[PDB]
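A.B. asks: The structure's right below; bear with me while I get my questions together.
Because the Cβ atoms are built from the backbone with ideal geometry, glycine has one as well, and the counts that use them run over all protein chains shown. Only the coordinates and a few stated rules stand behind these numbers; no lab work does.
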Amino acid sequence: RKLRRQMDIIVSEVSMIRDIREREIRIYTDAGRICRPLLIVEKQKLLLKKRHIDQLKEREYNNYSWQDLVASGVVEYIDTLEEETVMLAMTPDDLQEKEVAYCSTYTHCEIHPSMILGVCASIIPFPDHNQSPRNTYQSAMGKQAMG
Amino acid sequence: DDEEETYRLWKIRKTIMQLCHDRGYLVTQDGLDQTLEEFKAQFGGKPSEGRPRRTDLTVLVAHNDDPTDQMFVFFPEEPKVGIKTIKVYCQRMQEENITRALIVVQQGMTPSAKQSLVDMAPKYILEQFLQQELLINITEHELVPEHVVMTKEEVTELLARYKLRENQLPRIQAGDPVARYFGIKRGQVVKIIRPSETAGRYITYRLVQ
Amino acid sequence: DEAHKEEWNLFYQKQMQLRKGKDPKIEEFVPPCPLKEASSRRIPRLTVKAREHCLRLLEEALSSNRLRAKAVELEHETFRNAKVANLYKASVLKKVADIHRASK
Amino acid sequence: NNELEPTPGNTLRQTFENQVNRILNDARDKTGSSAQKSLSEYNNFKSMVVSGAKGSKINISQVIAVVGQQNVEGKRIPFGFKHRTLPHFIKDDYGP
Amino acid sequence: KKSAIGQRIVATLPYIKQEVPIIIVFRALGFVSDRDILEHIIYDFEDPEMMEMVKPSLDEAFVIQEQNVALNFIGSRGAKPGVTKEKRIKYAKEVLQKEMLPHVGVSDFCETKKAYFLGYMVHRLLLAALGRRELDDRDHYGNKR
Amino acid sequence: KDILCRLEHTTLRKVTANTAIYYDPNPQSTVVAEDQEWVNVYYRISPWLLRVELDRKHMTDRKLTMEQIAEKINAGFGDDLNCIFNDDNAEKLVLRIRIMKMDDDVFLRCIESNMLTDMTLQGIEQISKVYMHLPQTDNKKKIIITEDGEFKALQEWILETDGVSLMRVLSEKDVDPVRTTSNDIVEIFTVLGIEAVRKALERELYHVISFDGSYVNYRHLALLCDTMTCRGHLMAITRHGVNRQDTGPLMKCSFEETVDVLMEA
Amino acid sequence: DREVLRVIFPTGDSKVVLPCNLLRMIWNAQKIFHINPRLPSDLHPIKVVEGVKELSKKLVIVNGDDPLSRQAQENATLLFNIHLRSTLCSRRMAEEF
Amino acid sequence: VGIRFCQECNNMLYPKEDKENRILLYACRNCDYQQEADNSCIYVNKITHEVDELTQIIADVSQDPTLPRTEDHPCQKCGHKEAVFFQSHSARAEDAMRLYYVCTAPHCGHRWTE
Amino acid sequence: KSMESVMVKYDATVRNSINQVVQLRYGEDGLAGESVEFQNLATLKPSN
RNA sequence: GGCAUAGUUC
DNA sequence: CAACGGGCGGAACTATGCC
DNA sequence: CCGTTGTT
Ligand SMILES: [Zn+2]
Ligand SMILES: [Zn+2]
């Protein structure tokens, strides 16, 4: 994992899975696996910091971008069957904080939970106040509007 | 067990008494209604090494319209009834001058015996009933409406009244459980009387074919 | 299951035939002994030897619970109820053991 | 704590699931009844439900109080991942 | 005999007419001793339930004992059965070297690893039969491309 | 509960705890130390053994008895086996079986396998599981007429099984032969005739239709049932049933078989 | 007729489906002829009985005069005639309607 | 119970009967190697098979980040407070939702079930 | 397809295309479905 | 002109 | 018991490739 | 999935 985060020997695309109970390590360099980026939580604090945020918000005339964020080991690509050995948090400033302890061993964090929707379902406003068949119907009818 | 065997024999006898009463033969009320203890007393409460040995239970009874027309109810002692057993029974019927007879079987009959039963149909009429098929009376089940066998005069009158050819009636197979219970041949017509939800009663007719 | 079952039954019968001592010589029943029905052949391979064998057990159970008449009634009720020798033994054993638990 | 006793004719999993679903259904129905009986005489949902035009008290309950349990193939949501529903839950979590 | 045997493990090799018992394939790979085959399959020998589960599969090795006859048995069921025997045995070797588990290897010395991977397949089958691992589902998206 | 036990299939595996095959030629010196006293009291033959252990919970749940198991074994295998059994007094309930090409070990494994999956200690074959719950509907309850003429509803235990064997259940002692019913139309046919199959088919259709609270006029139900059971045998509404009718070839050709029917005619 | 009904309908279900709505017809007659329920009437119960008996003969489903045809008609109209007699009973006519 | 192998051909040893000394011998079908066994029991079949997973639970599960943790169940051996826990996590386990525990202290690996 | 040719004849019987009787009176009473109503018998339930 | 495939509405 | 064959919603509207 | 026809 350290080598993949440094981007030295193992490309960021490669996935590594450890099946702790069955004592197997599986490494995939295959093509066709589907993966999405996730933030990294080290102890209980995101590795993403205000310095990263400022360098990103000065993105113009600064040649600092998503690749320079990935190369810093801040975010990571997680495919589907590597998601089975990870503990995710939906919101940093709400789930990392001290509470009645549910999980204190978070391993990642979501960028924003609204990035689970596709192109046509990202135009519906307040989709969480709707009914799922209605969201599906709008996803269908968004490809027929005239503009 | 001996108790269970006595119980099975008693139930088979009671169902056969009901069958004969339905078929119009002359069975008295006391014969129809026997308690288990009465049957134990009259014909042995011990089957194994006892008086009831699937014999002496044979029933000879005369039809209410003709004492000359009588029927036998034989109890083979063999789990698989054979050609020689059928020949023995036919010999006994011939010597007693009896046309029809019933045969209750322990387990089953060989196909050779069944065909040797079918062959003598105009000479003699014999029917096979399994031991399991008579522990209950299918007629008493609430799903089974009342059946009445119709005479040739009543059939002719019905056909003339509705101007029907017998092809145009509903049918009932000669292997039907109730058809075997009533002993009906092909060409006879049964009448079904059942209550109705929209009329209060409805009489149907079925042709055995 | 029928074809496999029939083949199994026939196989079982044939293995049993092949596992016989080749002549099934039909030895006679055993004569007596205060026991009732002592001439009985009613249970295959049971003997008057076994009847006497059980008598001891009844007499000693009765004697310690505290007579040979009551022993013969216990035997004879068991002998009527019985149909197989291992069951006849099982009844004898069960009575003696459980009545020993009441003699205790 | 293994103190749960099975109901006759049911497995331990079956009786646990039955108790959980019964509790949750009671909660949903009670909240629905509260939402119904807290309406007003000018409410348009009540206007369209009482007259029988379109809608139902369950729809009013889902709008006001509680959407309720989601079921897949008649059972609760299954364990799609290894022993958990989503990567945001610990393993073996049977909470509502 | 079927009732006493219970379960047997068979393998469906590609380009072969019908099924083959697994011990036959392992012997065709060049392993003769039951101890060696069980070293390839059962990794920890202190598992009597696994040993008992694999025993009926080894009871089909009562006849076949050598690589040549095992190859003959495998090659007897080709796409076009041969009229000779050397050609059939060569076809069997060709199938076991070219169409069985191509991803492990295709070189001449790939048997030592094909045996291990086939043993792993059999071991995972035993674990599934013993109720020690969950059966896979085709709708899981980690099992898709 | 007694009838529930009587009507549910149960082989030896449902009650056995464990089994093993030993080698013990000595009747006195027994490899197992538990059986010593009673095996000595009990005591050509073969030196091999078939020792099985019966689970106490399942043994006492079904109200079964070791004498009953032994006599069932004797009925099933005859006197070519030997059987010696302990009693419930001891904590360990033990059964010991010995035999009174054709080698012993392979024969004993077949005896054990048959005796565990074919014994049929109790119950009716093909009847897998039987439930027992009080009714909560006015059609599954018994309703009588009192001596004052009213209708009073009574609650009596009703069973609900899985798997069907109607004739045996009807013939069972202490089972009502009038109201007992199944939901297999072929079974109702082969047991009770054609009129009973018509009535049962109507009841099943009414149940499936009215489960949704919907209403359909009885005339249409009666017409469908009469059409299906007009000719004396069950007529499935398929190509088989449609072409079984002695109608013109042109009506059959338009339904699930055109060329074949036309060429046959 | 009550005993016949109890045989036909066990489990005591009164609800049934029949062609003429007798109670609504009676209500319509009351409103049409301005019947006052607080006063004694001029309807002879013998006239009621005879009228119902004569009416039941004009409701013919199976036409005929043979014993078979008469039996068929009786079976075809049994339930409705039972309902008709129950409703147009003379005591019910004198007290309720 | 277990499988024992001949030292000559390394094949499975089948049981064979010695009809002279009334003794049990394990013999193979490849060579004529004989043996005398101590189990004295050819075959054992338990159908309950309610195996306690404490034999089958690995102590390495304590490194799983996805497992719940508690501090109200101290370890019996080393007295460590935090202890991971989980259910049967196996099929053919009837329906028992009994918990199982593993101590999270390195090299302790105590696996119990209250 | 099963019941496409079942009709009410002028005989008042219900027959298929081969003039085989299905019901001697339609609906066992001879009435039409769209003209009947729910009613109560009012003499079945009351006590003696 | 016809055959096939794809998408969409109810 | 095994192998083989027929059966599987209703309408409607665009487009594109090919003989 | 389940009605025919063959093989045994
Ligand atoms: Zn050897
Ligand atoms: Zn510890």
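A.B. asks: Which semi-axis lengths, in whole Å and largest first, follow from the square roots of five times the eigenvalues of the Cα gyration tensor of segment B:137-209?
C.D. replies: 20, 17, 10
A.B. asks: Another one. Please give the net charge around D:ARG84, taking every other residue with its beta carbon less than 9 angstrom from that of D:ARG84, where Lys and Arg add +1 and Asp and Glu add -1.
C.D. replies: -1
A.B. asks: Pairs of alpha-carbon atoms within less than 8 angstrom and 6+ residues apart define the contacts here; what relative contact order does chain A have, in percent?
C.D. replies: Result for chain A is 23 percent.
A.B. asks: Cα axis of helix G:67-87 to longest principal axis of chain G: angle in degrees, 0 to 90, nearest 10?
C.D. replies: Result, in degrees: 30.
A.B. asks: Same structure, new question: What longest region of chain G stays clear of trypsin sites (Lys or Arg not before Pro) that DSSP places outside H, G, I, E and B and that have at most 15 other Cβ atoms within 10 Å?
C.D. replies: It works out to G:59-97.
A.B. asks: Name the most mobile residue of E:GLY30, E:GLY75, E:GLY131, meaning the one with the largest mean-square fluctuation, in a Gaussian network model of chain E with Cα contacts below 10 Å.
C.D. replies: Looking only at E:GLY30, E:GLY75, E:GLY131, the biggest GNM fluctuation is shown by E:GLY131.
A.B. asks: Using θ = phi - 60° and the Karplus relation 6.51 cos²θ - 1.76 cosθ + 1.60, list the HN-Hα couplings for segment G:23-33 in order, rounded to whole Hz, with x at every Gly or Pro.
C.D. replies: For segment G:23-33, the Karplus-derived couplings read 5, 5, 4, 5, 4, 4, 4, 4, 6, 5, 9 Hz, x marking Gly and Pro.
A.B. asks: I'd like the FRET efficiency for C:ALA85 and C:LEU18, computed as 1/(1 + (r/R0)^6) with the beta carbon distance as r and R0 of 22 Å, rounded to 0.05.
C.D. replies: 0.30
A.B. asks: May I ask for the equivalent-ellipsoid semi-axes of segment F:1-80, computed as the square root of five times each C-alpha gyration tensor eigenvalue and listed largest first in whole Å?
C.D. replies: Values for segment F:1-80, descending: 28, 15, 12 Å.
A.B. asks: Now a separate question. Could you work out how far the C-alpha centroid of segment B:1-62 sits from that of segment A:54-96, in angstrom?
C.D. replies: For segment B:1-62 versus segment A:54-96, the Cα centre distance is 91 Å.
A.B. asks: Could I have the simple spin-label model distance between G:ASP13 and F:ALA236, label points 7 Å from Cα toward Cβ, reported in nm to one decimal?
C.D. replies: 3.0
A.B. asks: Exceeding 23 Å between C-alpha atoms, which entries from my cross-link table qualify? They are B:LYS114/F:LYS173; D:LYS82/E:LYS144; B:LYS11/B:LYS80; B:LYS152/B:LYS191; A:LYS49/A:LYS98; D:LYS57/F:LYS141.
C.D. replies: Listed pairs above 23 Å: B:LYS114/F:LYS173; D:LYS57/F:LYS141.
A.B. asks: According to the square roots a ≥ b ≥ c of the eigenvalues of the Cα gyration tensor, what is the shape class of segment H:1-45, taking rounded for a/c under 1.5, prolate for a/b larger than b/c otherwise, and oblate for the remainder?
C.D. replies: The shape class here is oblate.
A.B. asks: Same structure, new question: Using each residue's phi in segment E:103-117, evaluate 6.51 cos²θ - 1.76 cosθ + 1.60 at θ = phi - 60° and report the 3J(HN,Hα) Karplus result to the nearest Hz, with x for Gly and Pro.
C.D. replies: 6, 5, x, 10, 6, 6, 9, 8, 5, 4, 9, 4, 4, 5, 5
A.B. asks: Restrict the search to segment F:185-265; then list the chymotrypsin sites (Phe, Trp or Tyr not before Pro) that DSSP places in a loop and that have at most 12 other Cβ atoms within 10 Å of their Cβ.
C.D. replies: Sites meeting the loop and neighbour criteria: F:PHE211, F:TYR215.
A.B. asks: Shifting gears a bit: Counting alpha carbon pairs within less than 8 Å and at least 6 residues apart, what relative contact order, in whole percent, applies to segment D:1-89?
C.D. replies: Once normalised by length, the contact order is 21 percent.
A.B. asks: Between A:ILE34 and I:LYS9, with labels modelled 7 Å along Cα→Cβ, what's the label distance in nm to one decimal, could you check?
C.D. replies: Taking the simple label geometry, A:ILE34 and I:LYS9 are separated by 6.5 nm.
A.B. asks: Something else about it: On each of the three principal axes of the Cα atoms of segment B:1-136, give max minus min coordinate, whole Å, ordered largest first.
C.D. replies: Here the Cα extents, ordered largest to smallest, are 41, 35, 26 Å.
A.B. asks: Viscosity 0.692 mPa s, temperature 37 °C: give me the Stokes-Einstein translational D for chain A in µm²/s, with Rh taken as the Kirkwood radius over C-alpha pairs.
C.D. replies: In µm²/s, the coefficient rounds to 181.
A.B. asks: Okay, moving on. Could you work out the relative contact order of chain E? I mean the mean sequence separation of Cα pairs under 8 Å and 6+ apart, divided by the number of residues, in percent.
C.D. replies: Reported relative contact order: 25 percent.
A.B. asks: Moving on. So how compact is segment B:70-209: Cα radius of gyration and Dmax in angstrom?
C.D. replies: Spelled out, the Cα radius of gyration and Dmax of segment B:70-209 are 17.9, 55 Å.
A.B. asks: Additional query: How many Å³ per residue does the convex hull of the Cα positions in chain I occupy?
C.D. replies: Residue-normalised Cα hull volume stands at 137 Å³.
A.B. asks: For an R0 of 25 angstrom, estimate the FRET efficiency from the Cβ-Cβ distance between H:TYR43 and C:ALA3 and round to the nearest 0.05.
C.D. replies: 0.35
A.B. asks: Residues of segment A:26-48 with the amide nitrogen closer than 13 Å to a label point 7 Å from the Cα of A:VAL11, along Cα-to-Cβ, please.
C.D. replies: Once the point is set 7 Å along Cα→Cβ of A:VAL11, A:28-33 turn out to lie under 13 Å by backbone N, inside segment A:26-48.
A.B. asks: Using only Cα atoms, tell me the angle between helix A:132-141 and the longest principal axis of chain A; keep it within 0 to 90° and round to the nearest 10.
C.D. replies: 70
A.B. asks: A further question follows. Taking the Cβ of E:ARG27 as the centre, find all other residues whose Cβ is under 11 Å away and add up their charges (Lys, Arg: +1; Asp, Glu: -1).
C.D. replies: Neighbourhood net charge equals -4.
A.B. asks: How high is the FRET efficiency between C:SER63 and E:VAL63 when r is their beta carbon distance and R₀ equals 60 Å, given to the nearest 0.05?
C.D. replies: 0.35
A.B. asks: Right, something else. In a shell of Cβ-Cβ distance under 10 Å around E:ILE16, excluding E:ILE16 itself, what net charge do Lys and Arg (+1) and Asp and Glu (-1) give?
C.D. replies: Result for the neighbourhood of E:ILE16: 0.
A.B. asks: What nm distance separates the two modelled labels at C:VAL48 and H:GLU36, each placed 7 Å from Cα along Cα→Cβ?
C.D. replies: Using points 7 Å along Cα→Cβ, the separation is 4.7 nm.
A.B. asks: Hey, any idea what the orientation-averaged projected area of the convex hull of the protein assembly as shown's Cα atoms comes to, in nm²?
C.D. replies: Projected area, direction-averaged: 77.4 nm².
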